[PDB]
Amino acid sequence: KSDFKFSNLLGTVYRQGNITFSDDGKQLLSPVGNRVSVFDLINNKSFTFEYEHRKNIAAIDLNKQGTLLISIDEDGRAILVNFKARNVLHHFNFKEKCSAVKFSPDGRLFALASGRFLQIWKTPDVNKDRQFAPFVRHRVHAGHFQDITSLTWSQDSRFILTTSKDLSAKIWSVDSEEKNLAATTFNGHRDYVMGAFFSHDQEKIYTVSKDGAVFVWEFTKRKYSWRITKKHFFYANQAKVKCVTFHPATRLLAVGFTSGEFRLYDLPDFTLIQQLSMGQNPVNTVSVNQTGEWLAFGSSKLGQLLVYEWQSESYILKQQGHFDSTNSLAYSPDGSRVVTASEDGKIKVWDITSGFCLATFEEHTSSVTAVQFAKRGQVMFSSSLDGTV
Amino acid sequence: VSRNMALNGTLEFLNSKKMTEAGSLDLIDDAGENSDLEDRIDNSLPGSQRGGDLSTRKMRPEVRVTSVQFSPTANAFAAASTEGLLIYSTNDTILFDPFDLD
Amino acid sequence: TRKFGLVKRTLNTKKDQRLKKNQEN
Amino acid sequence: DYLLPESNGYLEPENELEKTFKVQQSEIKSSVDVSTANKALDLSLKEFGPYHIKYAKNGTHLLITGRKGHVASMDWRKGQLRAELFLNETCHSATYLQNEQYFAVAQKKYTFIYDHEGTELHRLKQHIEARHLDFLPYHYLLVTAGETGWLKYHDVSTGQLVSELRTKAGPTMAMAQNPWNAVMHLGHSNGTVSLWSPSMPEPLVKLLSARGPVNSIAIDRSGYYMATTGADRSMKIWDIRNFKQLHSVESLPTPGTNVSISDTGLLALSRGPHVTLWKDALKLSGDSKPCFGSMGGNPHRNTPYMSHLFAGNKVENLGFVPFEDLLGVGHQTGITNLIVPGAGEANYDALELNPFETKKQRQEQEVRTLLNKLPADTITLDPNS
Amino acid sequence: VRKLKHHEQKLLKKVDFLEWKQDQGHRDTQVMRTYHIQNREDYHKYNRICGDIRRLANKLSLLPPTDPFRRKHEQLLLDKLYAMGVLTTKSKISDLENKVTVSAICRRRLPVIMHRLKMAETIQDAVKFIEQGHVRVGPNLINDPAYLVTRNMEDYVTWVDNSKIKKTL
Amino acid sequence: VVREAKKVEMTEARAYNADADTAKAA
Amino acid sequence: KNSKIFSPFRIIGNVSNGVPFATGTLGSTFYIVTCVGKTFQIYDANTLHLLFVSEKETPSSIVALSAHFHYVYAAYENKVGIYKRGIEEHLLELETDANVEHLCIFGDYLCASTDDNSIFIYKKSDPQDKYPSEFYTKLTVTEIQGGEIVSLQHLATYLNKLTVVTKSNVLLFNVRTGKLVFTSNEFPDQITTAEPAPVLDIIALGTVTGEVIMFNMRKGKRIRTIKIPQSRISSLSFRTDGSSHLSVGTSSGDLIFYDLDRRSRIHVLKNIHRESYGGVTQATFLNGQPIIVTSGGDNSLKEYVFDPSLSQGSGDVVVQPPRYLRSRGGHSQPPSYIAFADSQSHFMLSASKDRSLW
Amino acid sequence: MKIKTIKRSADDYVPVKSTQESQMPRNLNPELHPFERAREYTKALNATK
Amino acid sequence: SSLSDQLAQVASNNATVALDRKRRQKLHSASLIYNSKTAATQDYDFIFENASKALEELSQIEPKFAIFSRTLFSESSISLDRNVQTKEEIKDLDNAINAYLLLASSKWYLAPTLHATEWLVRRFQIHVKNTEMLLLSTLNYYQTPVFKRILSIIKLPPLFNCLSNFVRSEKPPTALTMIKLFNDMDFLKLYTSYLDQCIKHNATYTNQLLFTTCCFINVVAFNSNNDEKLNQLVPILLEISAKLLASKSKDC
RNA sequence: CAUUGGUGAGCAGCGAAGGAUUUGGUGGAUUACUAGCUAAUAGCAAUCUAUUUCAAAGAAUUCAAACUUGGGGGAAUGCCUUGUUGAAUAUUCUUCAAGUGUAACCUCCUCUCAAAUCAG
């Protein structure tokens, strides 16, 4: 009757940082202002973790199997979370601003893009107890000139390449005896190489830059090493990339442009599937599953999230919250319903367990201020600075 | 409600290493150094308090909680904050707990 | 210990003698 | 020729076993004379951003601009400090235009023209971006290249805009003005430095300088050799007089953030944690090609003349004192003056610039220069045409 | 800089370092003087909207005269700009280009409002009191000196409670 | 006398490398 | 003995115990490795921030601490830990049941002494390799050669020469061979503390009397002596910054500062560490810096500096006395009562028989 | 390792007496003097005007 | 630190190196007899001729000052400024200056000494460049207005900080200021480093030496209660007493 | 008389080898601790130089490139655009007009207030 603990945060569906699905396509990880929300798509439920971060989140990933969650601030506060258990395991402090954490497909070790540094650490063990210093830095690769903006493993754990705002996109292995097998760098672009990738076969390399360019690197002849076999330009005129992902097993590029446009390609062919205007507002993050049939966008101009299929023209959720504009809140007589009003006018209807705006009403033109329920939770009203109730 | 440095009225005591000679260390306009033109563009009208958009306060967002209600049943209270709707409850042990993991 | 209302002190049109309209007196 | 009263300092190996580049600055500070050894400053002002450096054309005043709020004009040799401005907008560069009384800072949006005391003289409605803010006193022309494609020429004598030239090249990644020629050099992401005059709306000549983007460019006193660095870990030695890159130093360990040229012929290459200067590298032979390591100590292959590694920094920019043998390197926490033996010229001409100047001598010389300003159409590819 | 000679003057005909035409007479500073704004860009934060008033006020004057949208939208402009109090009158349309100054929107500033009400002696003492945290606008204590306060919000400025300067009066 | 503590930064110096002391077999 | 609900995480609240800590450098900067029973701690010297802790509690208490650049060598009962970053990379278990007394690092070797008056030698498997793993040999000190082994040091520019000092005298060995290359004669006092020197050939020895002896080996002669009235010396250190200065740490808690050129004490610090808990346990000048880090048995670790000299004209004569700098302390006595102070498990109050809160 | 720098010596360029006029060291090296046509041209135009 | 304090430190590094000509008419215009309007207009050669004109009489009083004619008062020793020299040369310059100062400390009632050391003030900035030896050699003359002039010219070190109110004063510095000057501890380490320097050099004359004992004695007078401050005062006085008794001199 | 004012004397009273005040300097925290430097799988840290250089890899809007301008006028002289003219070899450049064309370039505004004083 006294003890109230934090259960769940609702809405403000994207502010800052990386978006990811889990191993399964059920669990979607999004950052909130300082927390991580998980939205389960088929089993339609929502969740936000019991803890909060100290600054805004700028980097996020979860484990291979869904055991460990790494959230990293703008500054580099790193929080190890038992993802299945929703309890915090470790607060590490990375002293640089990092942009990408990616676990191994092995799950054995993760890596981090901080500055011109790549830091490759072993995973802490989940079934093991929590230790003082769980983290063991395996290696540190500092062969880059400017801040490293994107990063990926291979589908094998034995190959990791990172890309910077410096022109370079550089591969190494985990282990140094696998250095001599492939350790080289890629250059020859124009701009910020914003995403470089392995294909699903580990022989083709895709490198994508901010200017609108892709190179198809391949270990081929004129010993002999690593030529461009082709380039690919979407020819975005003044618009340029913000975010790019590549689903390898179906050979699919998701692009995010500065103009809010987004493209899909088939990368040995480079063929435009469809162009969607996500809006005026740019895609700040793209994401695919391992199945690669859902896509996830976030506009940090508005604060919206969007799960949409590439193959079928069909969304999953088009959620658009409003920061600083959560004016009213209303419990129904039923304990299953919640009403949130706004200054933008949207009045949403939530379930407490399944945190979804089941309904909205976008019919007020101005701020909606006060909302009360009456008659067993049937009717629900909305007084406004829109001049009405 | 929220423990965030970028939220403005969170901290009780400010860190004196950020109080420089003339000014805060954070009150300097750092939007002018972004790589992108759009993030370098400033549209902030000066004295906007809880106005339209986030970028136009020319400030950090204040930590404020507008609306407060109880659940009837399980005494759970929800408050729509600046961050969003928060839920406190007495529905304890809904924290999901896997047992004997391989 | 900084004084309040730390304002941008700038060119005074009514006090700066570098102005030739205030070169007289 | 024999009237020339002062001769340069040198640095000599004295053995093949003893090496020239291995000298360090605390080791240098032993043998240099007390005022000149003390002219090395260590201004660690770690609170604000990384620091931009510019000495005036006479070394009498230092101007610095940290990236966050700092604007600071010291009468550098003495204890006097003229300006200390804290603008919470972020800044990129600064230069004294005519004297230490008037300078200009390159902000987030607008250039500002400023009194010695720190007062505001002139905010420019134009110059809506300002990345490189450079001056030529022989035209009284503040030439400014922001992140815009354009390039702006403000004649601060009259106080009016001369012209504004859109390059179609994009954001300016480098700009170095020519002292001998007053042609401006802009460097952009294609690897392309364009020479510029305010009259000609197309550039005087474009130069495909390197691959990748232009990290920086820096020009001789004689205007003969301009040392250009790309972000491709490469530095070209352009001879502008016939438009040829003399040497192409390829595969640096890291691309140089900036380059700088002394008077007597030194070249400064700052990869950012390291600052390395070569002597007589701008000459015609590929024996004079500046190279990092000469195997076997061959006289043909050329070693660096003076080396330094900054530990906790990645330095911003650098500039020699024009009449003395130091160079101000602006690092993240501040300013070092690294002591060279023979960088600056020993025998200045007072009737060109005065390193030792009374204020009454200054207001005589300022009026002398304003009488001798050139109107902007005289900026040409040759001074003598 | 020099009280330069009769022979110097005719050669340096057009030059100046103090008052430029791009510097527009330093007019903004005279408003930065009279209203004591902290940053310079607050002026150009008003003057970037102030022309935007006229840029709508001009082209609504270019419509046909009894265009029934034109007289309605101009009334919607003028009731809005009269709620914020940036013009004294609303009967005439001519204030939309003649009265919309930076000084008129800048005399709807917060210390100007308290300086009218003579809670403060000068303008900058009210700015110092906002900085000290003495003032409030109805519900909220405001820290910012640069508050745009409407005409209808003008009754809501009081001193904040339990202070040392509310007991001073 | 002005007895005030000054801010004291650690400056770098050099020490002997004791790991350089061994010669191997003949 | 094992718990199921809880498990040990760390023993919060400890800085040191009295075991002679080691100093190391990363590049230009300094770290400090102290002991707390079965768990050692690493610090930056420039802030006394905690850097690493042991990955494991050792099964017995650590007896000795040495530290090279990236590798910290702990020494408990029979086995010696080669630790990178506080993690057990290589345990070197000595082939006795005698307890490890002291330890030193030079060359391709490691040398650690036991209480059977016998030192063990551990070569690197290669000079290419970094930590010593090959077992070379065991040499001993019989009672015609020396007494109980007080320290092993390596004075610099001594090719494979190992300087083993006892309560009686000093020995020198070629640890490639295993031959005693020199034995020093007995000093008539009971030698208690060794320290190498930034001058050549000199080992400083602080005995059970208040006497410090500078001792040569190329001479084999005790070049200078230094007296102390009625104090038992515990630690010796040399300020290598730029003026020749010597640090004498008593077991009475007092720290005495000499300038051997002026032949004069500079200032004696009193009671920087508790006398009952071992006095001053270990004080060491950071090499080439005017900063001395002191460590007591009162769970405390202090820093002191010489201010630069006020005399512009003199310099070296007029010396500012040492001055308090940052310190990490703990409860000297065990803590009588603790509690959890805050709600978010940030702070804990701990009161002891040291008569203080923390 | 011969180390030699420039020294202005602070007495040659700035004279001893207060009544003494300044010493004016000149280097007619053309690199120091950039504009031998144009600056002389502006002097001539100033003289003609 | 702040920038302004980090830059006013560079004033202390170049307080004598005159760069602007007003810095010269500040740096040359202060000297021991001449008023600063007439001291502004003095050529170096003109001051050196007066320097030798007093130095020849001084060398004829006792021959030990003849060696500074070979080095310090050489006709070649005019043009050389200090800041043009290396610090290893500057150390030998300071050695000559110091050994001259304890030498002339006896002869300081003579206007020959005032006219000799004024050139050294003006040629080698010894009011600023080496002021600890300037004050320690001439500390006993606190009633004499030659020293009182010297106080208005010396850049005061932190060790001589009682006289921060007495530079450019009318009335002479009092006898109690000598005790409060000496009542510091590190000042006494400077006075050992003066008197021990005078002992090996055997330049120890009676009047200054009586001032030494009157100051040290008044220090232990002032430390009659502070027995712990007295117990750190035994090392400074008993060393001066012991090294004093190693003199041949009987007044010592 | 209340002084509920303090000075001023005092006293009861408190009270362990002083009490009371004021301030300079520095250190410690003011976010949750994995070491410094570098060219970084490694080497350094007494040093990277007489292996740092060869090698490979490395060049699109065929010139997309002010997302940035206080508002009105105009915009002579410039530029832009096409219309239109000549020259050279399918393109630059000479010449020329039309542009409620125009962040160059000319002016008007973007100052005069129930703030106070002052005659009536």
# chains A, B, ... in the order shown; residues from 1 in each chain; ligands from 1
>>> interface_residues(of="chain I", to="chain B", cutoff="12 Å", atoms="only C-alpha atoms", output="ChimeraX atom specification")
/I:1-4
>>> closest_atom_pairs(of="chain A", to="chain G", cutoff="10 Å", atoms="only C-alpha atoms", output="tab-separated table")
residue	atom	partner	partner_atom	distance
A:129	CA	G:7	CA	8.0
A:130	CA	G:9	CA	7.7
A:131	CA	G:9	CA	6.0
A:132	CA	G:9	CA	6.2
A:133	CA	G:55	CA	7.7
A:134	CA	G:55	CA	8.9
A:136	CA	G:85	CA	9.2
A:137	CA	G:85	CA	9.9
>>> closest_atom_pairs(of="chain B", to="chain A", cutoff="8 Å", atoms="only C-alpha atoms", output="CSV")
residue,atom,partner,partner_atom,distance
B:2,CA,A:52,CA,7.4
B:3,CA,A:54,CA,6.0
B:4,CA,A:54,CA,4.7
B:5,CA,A:55,CA,5.3
B:6,CA,A:55,CA,6.0
B:50,CA,A:324,CA,7.1
B:54,CA,A:323,CA,7.4
B:61,CA,A:324,CA,7.6
B:66,CA,A:327,CA,5.6
B:67,CA,A:328,CA,5.2
B:68,CA,A:329,CA,6.5
B:69,CA,A:330,CA,6.3
B:70,CA,A:331,CA,6.7
B:71,CA,A:331,CA,5.9
B:72,CA,A:333,CA,6.2
B:73,CA,A:335,CA,6.3
B:75,CA,A:1,CA,7.2
B:76,CA,A:4,CA,7.5
B:78,CA,A:329,CA,7.7
B:79,CA,A:329,CA,6.8
B:80,CA,A:326,CA,5.9
B:81,CA,A:326,CA,6.6
B:82,CA,A:324,CA,4.7
B:83,CA,A:323,CA,6.7
B:84,CA,A:10,CA,5.7
B:85,CA,A:10,CA,4.9
B:86,CA,A:9,CA,4.5
B:87,CA,A:8,CA,5.2
B:88,CA,A:6,CA,4.6
B:89,CA,A:4,CA,5.2
B:90,CA,A:4,CA,5.6
B:92,CA,A:5,CA,7.9
B:95,CA,A:86,CA,7.3
B:96,CA,A:85,CA,6.1
B:97,CA,A:85,CA,5.5
B:98,CA,A:85,CA,6.8
B:101,CA,A:127,CA,6.8
B:102,CA,A:127,CA,7.6
>>> interface_residues(of="chain E", to="chain D", cutoff="7 Å", atoms="only C-alpha atoms", output="ChimeraX atom specification")
/E:12,14-18,20,22-23
>>> write_last_selection(atoms="N, CA and C atoms", output="compact mmCIF listing (two decimals), in the first residue's frame")
# COMPACT_ATOMS: atom_id res chain seq x y z
N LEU E 12 41.31 59.46 -48.78
CA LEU E 12 40.68 58.36 -48.06
C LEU E 12 39.19 58.64 -47.98
N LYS E 14 36.17 57.36 -48.99
CA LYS E 14 35.03 56.53 -48.67
C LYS E 14 35.23 55.65 -47.44
N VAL E 15 36.39 55.70 -46.80
CA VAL E 15 36.74 54.70 -45.79
C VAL E 15 36.12 55.06 -44.45
N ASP E 16 35.82 54.03 -43.65
CA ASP E 16 35.45 54.16 -42.24
C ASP E 16 35.59 52.81 -41.53
N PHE E 17 35.89 52.84 -40.24
CA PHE E 17 35.98 51.63 -39.43
C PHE E 17 34.98 51.60 -38.30
N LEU E 18 34.08 52.58 -38.22
CA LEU E 18 33.19 52.71 -37.08
C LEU E 18 31.72 52.63 -37.43
N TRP E 20 29.28 51.64 -40.61
CA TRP E 20 29.23 51.08 -41.95
C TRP E 20 27.78 50.97 -42.39
N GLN E 22 26.68 48.30 -44.15
CA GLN E 22 26.30 46.94 -43.82
C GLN E 22 26.08 46.81 -42.32
N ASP E 23 26.78 47.62 -41.53
CA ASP E 23 26.56 47.63 -40.09
C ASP E 23 25.32 48.43 -39.70
>>> atom_distance(atom1="atom CA of residue D:132", atom2="atom CA of residue D:236")
20.9 Å
>>> interface_residues(of="chain J", to="chain F", cutoff="9 Å", atoms="only C-alpha atoms (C1' of nucleotides)", output="PyMOL selection string")
chain J and resi 24-26+45-46
>>> write_last_selection(atoms="N, CA, C and O atoms (P, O5', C5', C4', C3', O3' and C1' of nucleotides)", output="PDB file, in the first residue's frame")
ATOM      1  P     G J  24      38.878  34.007   0.072  1.00  0.00           P
ATOM      2  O5'   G J  24      40.440  33.862  -0.181  1.00  0.00           O
ATOM      3  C5'   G J  24      41.188  34.928  -0.740  1.00  0.00           C
ATOM      4  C4'   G J  24      42.667  34.644  -0.698  1.00  0.00           C
ATOM      5  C3'   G J  24      43.083  33.294  -1.240  1.00  0.00           C
ATOM      6  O3'   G J  24      43.106  33.230  -2.649  1.00  0.00           O
ATOM      7  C1'   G J  24      44.153  33.634   0.806  1.00  0.00           C
ATOM      8  P     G J  25      42.299  32.056  -3.379  1.00  0.00           P
ATOM      9  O5'   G J  25      43.418  30.976  -3.703  1.00  0.00           O
ATOM     10  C5'   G J  25      44.767  31.377  -3.874  1.00  0.00           C
ATOM     11  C4'   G J  25      45.721  30.356  -3.323  1.00  0.00           C
ATOM     12  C3'   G J  25      45.391  28.916  -3.625  1.00  0.00           C
ATOM     13  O3'   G J  25      45.713  28.546  -4.943  1.00  0.00           O
ATOM     14  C1'   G J  25      46.015  29.104  -1.377  1.00  0.00           C
ATOM     15  P     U J  26      44.641  27.713  -5.783  1.00  0.00           P
ATOM     16  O5'   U J  26      44.964  26.207  -5.403  1.00  0.00           O
ATOM     17  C5'   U J  26      46.284  25.706  -5.501  1.00  0.00           C
ATOM     18  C4'   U J  26      46.479  24.551  -4.565  1.00  0.00           C
ATOM     19  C3'   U J  26      45.517  23.398  -4.754  1.00  0.00           C
ATOM     20  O3'   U J  26      45.873  22.535  -5.812  1.00  0.00           O
ATOM     21  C1'   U J  26      45.659  23.939  -2.465  1.00  0.00           C
ATOM     22  P     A J  45      61.282   2.832 -24.748  1.00  0.00           P
ATOM     23  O5'   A J  45      60.468   3.610 -23.630  1.00  0.00           O
ATOM     24  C5'   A J  45      60.142   4.982 -23.777  1.00  0.00           C
ATOM     25  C4'   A J  45      59.170   5.400 -22.717  1.00  0.00           C
ATOM     26  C3'   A J  45      59.549   4.934 -21.323  1.00  0.00           C
ATOM     27  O3'   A J  45      60.292   5.937 -20.662  1.00  0.00           O
ATOM     28  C1'   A J  45      57.327   4.270 -21.832  1.00  0.00           C
ATOM     29  P     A J  46      61.017   5.678 -19.256  1.00  0.00           P
ATOM     30  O5'   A J  46      62.520   6.059 -19.577  1.00  0.00           O
ATOM     31  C5'   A J  46      63.098   5.614 -20.789  1.00  0.00           C
ATOM     32  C4'   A J  46      64.045   6.612 -21.373  1.00  0.00           C
ATOM     33  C3'   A J  46      64.115   6.537 -22.878  1.00  0.00           C
ATOM     34  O3'   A J  46      64.665   7.750 -23.384  1.00  0.00           O
ATOM     35  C1'   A J  46      66.070   5.592 -21.937  1.00  0.00           C
TER      36        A J  46
END
>>> residues_around(residues="stretch 12-21 of chain H", least_positions_apart="3", cutoff="9 Å", atoms="only C-alpha atoms (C1' of nucleotides)", output="list in words")
residues 356 of chain D; 8, 9, 24 and 25 of chain H; 18, 19, 20, 21, 22, 24, 25, 28, 29, 39, 40, 41, 42, 43, 44 and 79 of chain I
>>> atom_distance(atom1="atom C1' of residue J:95", atom2="atom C1' of residue J:81")
17.6 Å
>>> residues_around(residues="residue C:9", least_positions_apart="2", cutoff="12 Å", atoms="only C-alpha atoms (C1' of nucleotides)", output="list in words")
residues 5, 6, 7, 11 and 12 of chain C; 85, 86, 87, 114, 115, 117, 118, 119, 120 and 121 of chain D; 29, 30, 32, 33, 36, 37, 38, 39 and 40 of chain E
>>> write_last_selection(atoms="N, CA and C atoms", output="compact mmCIF listing (two decimals), in the first residue's frame")
# COMPACT_ATOMS: atom_id res chain seq x y z
N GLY C 5 23.52 39.73 -14.72
CA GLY C 5 23.30 40.44 -15.96
C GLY C 5 24.58 40.62 -16.75
N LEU C 6 25.35 39.54 -16.92
CA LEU C 6 26.56 39.61 -17.73
C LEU C 6 26.19 39.83 -19.19
N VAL C 7 26.28 41.08 -19.61
CA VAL C 7 25.68 41.54 -20.86
C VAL C 7 26.79 41.71 -21.88
N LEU C 11 29.42 48.57 -28.92
CA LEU C 11 29.71 49.93 -29.35
C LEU C 11 28.63 50.90 -28.92
N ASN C 12 29.02 51.91 -28.14
CA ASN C 12 28.09 52.95 -27.72
C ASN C 12 28.10 54.06 -28.76
N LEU D 85 37.41 37.51 -24.81
CA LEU D 85 35.98 37.46 -25.05
C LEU D 85 35.47 36.04 -24.94
N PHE D 86 34.33 35.90 -24.28
CA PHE D 86 33.65 34.63 -24.11
C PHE D 86 32.30 34.71 -24.78
N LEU D 87 32.26 34.35 -26.05
CA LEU D 87 31.02 34.26 -26.80
C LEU D 87 30.59 32.81 -26.76
N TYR D 114 36.23 43.48 -34.31
CA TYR D 114 36.37 43.67 -32.88
C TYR D 114 37.50 44.63 -32.55
N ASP D 115 37.27 45.41 -31.49
CA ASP D 115 38.22 46.33 -30.89
C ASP D 115 39.29 45.55 -30.13
N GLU D 117 40.04 46.16 -27.02
CA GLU D 117 39.56 45.98 -25.66
C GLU D 117 38.57 44.83 -25.54
N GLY D 118 38.06 44.33 -26.65
CA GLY D 118 37.04 43.33 -26.64
C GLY D 118 35.66 43.85 -26.95
N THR D 119 35.55 45.06 -27.47
CA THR D 119 34.24 45.58 -27.80
C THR D 119 33.84 45.11 -29.20
N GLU D 120 32.54 45.20 -29.48
CA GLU D 120 31.97 44.79 -30.77
C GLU D 120 32.02 45.98 -31.70
N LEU D 121 32.71 45.83 -32.82
CA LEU D 121 32.63 46.85 -33.84
C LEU D 121 31.60 46.48 -34.90
N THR E 29 22.20 48.00 -31.92
CA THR E 29 22.85 48.20 -30.64
C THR E 29 22.14 49.26 -29.82
N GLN E 30 21.57 50.27 -30.49
CA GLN E 30 20.82 51.29 -29.76
C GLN E 30 19.55 50.72 -29.16
N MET E 32 19.76 47.36 -28.38
CA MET E 32 20.43 46.55 -27.38
C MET E 32 20.87 47.40 -26.20
N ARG E 33 21.05 48.70 -26.42
CA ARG E 33 21.30 49.60 -25.31
C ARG E 33 20.04 49.84 -24.49
N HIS E 36 18.69 46.35 -22.97
CA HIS E 36 19.70 45.60 -22.21
C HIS E 36 19.55 44.10 -22.39
N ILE E 37 19.68 43.66 -23.64
CA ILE E 37 19.57 42.25 -23.95
C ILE E 37 20.96 41.64 -23.83
N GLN E 38 21.01 40.40 -23.35
CA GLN E 38 22.27 39.74 -23.01
C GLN E 38 23.07 39.41 -24.26
N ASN E 39 22.50 38.60 -25.13
CA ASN E 39 23.17 38.26 -26.38
C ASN E 39 22.76 39.24 -27.46
N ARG E 40 23.62 39.37 -28.48
CA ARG E 40 23.28 40.22 -29.61
C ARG E 40 22.15 39.62 -30.42
>>> closest_residue(among="D:90, D:325, D:77, D:8", to="residue I:15", atoms="only C-alpha atoms")
D:77
>>> residues_around(residues="residue J:36", least_positions_apart="4", cutoff="10 Å", atoms="only C-alpha atoms (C1' of nucleotides)", output="ChimeraX atom specification")
/D:311-312 /G:25-31 /J:45
>>> closest_atom_pairs(of="chain I", to="chain G", cutoff="7 Å", atoms="only C-alpha atoms", output="Markdown table")
| residue | atom | partner | partner_atom | distance |
| --- | --- | --- | --- | --- |
| I:130 | CA | G:313 | CA | 6.3 |
| I:132 | CA | G:313 | CA | 5.6 |
| I:133 | CA | G:313 | CA | 6.7 |
| I:186 | CA | G:318 | CA | 6.0 |
| I:189 | CA | G:318 | CA | 5.4 |
| I:190 | CA | G:318 | CA | 6.2 |
| I:193 | CA | G:317 | CA | 6.7 |
>>> atom_distance(atom1="atom CA of residue A:120", atom2="atom CA of residue A:154")
14.2 Å
>>> closest_atom_pairs(of="chain J", to="chain G", cutoff="12 Å", atoms="only C-alpha atoms (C1' of nucleotides)", output="tab-separated table")
residue	atom	partner	partner_atom	distance
J:26	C1'	G:325	CA	8.0
J:27	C1'	G:326	CA	5.5
J:28	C1'	G:326	CA	7.0
J:29	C1'	G:49	CA	11.4
J:31	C1'	G:346	CA	11.8
J:32	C1'	G:346	CA	9.2
J:33	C1'	G:50	CA	5.2
J:34	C1'	G:52	CA	6.4
J:35	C1'	G:51	CA	6.5
J:36	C1'	G:26	CA	4.5
J:37	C1'	G:27	CA	5.9
J:38	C1'	G:27	CA	10.5
J:43	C1'	G:128	CA	11.3
J:44	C1'	G:27	CA	7.9
J:45	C1'	G:27	CA	3.7
J:46	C1'	G:27	CA	11.7
>>> interface_residues(of="chain D", to="chain J", cutoff="7 Å", atoms="only C-alpha atoms (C1' of nucleotides)", output="number ranges by chain")
D: 148-149, 163, 168-170, 211, 253-254, 293-297, 311
>>> write_last_selection(atoms="C-alpha atoms", output="compact mmCIF listing (two decimals), in the first residue's frame")
# COMPACT_ATOMS: atom_id res chain seq x y z
CA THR D 148 29.19 27.59 -48.02
CA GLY D 149 30.18 27.24 -51.64
CA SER D 163 32.38 40.51 -54.01
CA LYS D 168 30.20 25.13 -56.93
CA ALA D 169 32.72 23.10 -54.91
CA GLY D 170 30.82 22.86 -51.64
CA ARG D 211 42.73 12.29 -53.84
CA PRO D 253 50.96 7.28 -41.00
CA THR D 254 48.16 9.78 -40.53
CA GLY D 293 62.98 7.94 -43.00
CA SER D 294 66.23 7.78 -44.98
CA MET D 295 67.61 4.26 -44.76
CA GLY D 296 71.38 4.07 -44.45
CA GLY D 297 71.75 7.80 -43.86
CA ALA D 311 51.01 13.32 -26.11
>>> interface_residues(of="chain J", to="chain E", cutoff="9 Å", atoms="only C-alpha atoms (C1' of nucleotides)", output="ChimeraX atom specification")
/J:70-72,109-111,113-115
>>> interface_residues(of="chain E", to="chain H", cutoff="12 Å", atoms="only C-alpha atoms", output="ChimeraX atom specification")
/E:7-13
>>> write_last_selection(atoms="C-alpha atoms", output="PDB file, in the first residue's frame")
ATOM      1  CA  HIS E   7      45.811  66.201 -47.446  1.00  0.00           C
ATOM      2  CA  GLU E   8      44.991  62.801 -45.966  1.00  0.00           C
ATOM      3  CA  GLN E   9      41.244  63.347 -46.054  1.00  0.00           C
ATOM      4  CA  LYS E  10      40.681  63.694 -49.794  1.00  0.00           C
ATOM      5  CA  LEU E  11      42.599  60.502 -50.558  1.00  0.00           C
ATOM      6  CA  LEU E  12      40.680  58.359 -48.058  1.00  0.00           C
ATOM      7  CA  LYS E  13      37.297  59.522 -49.299  1.00  0.00           C
TER       8      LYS E  13
END
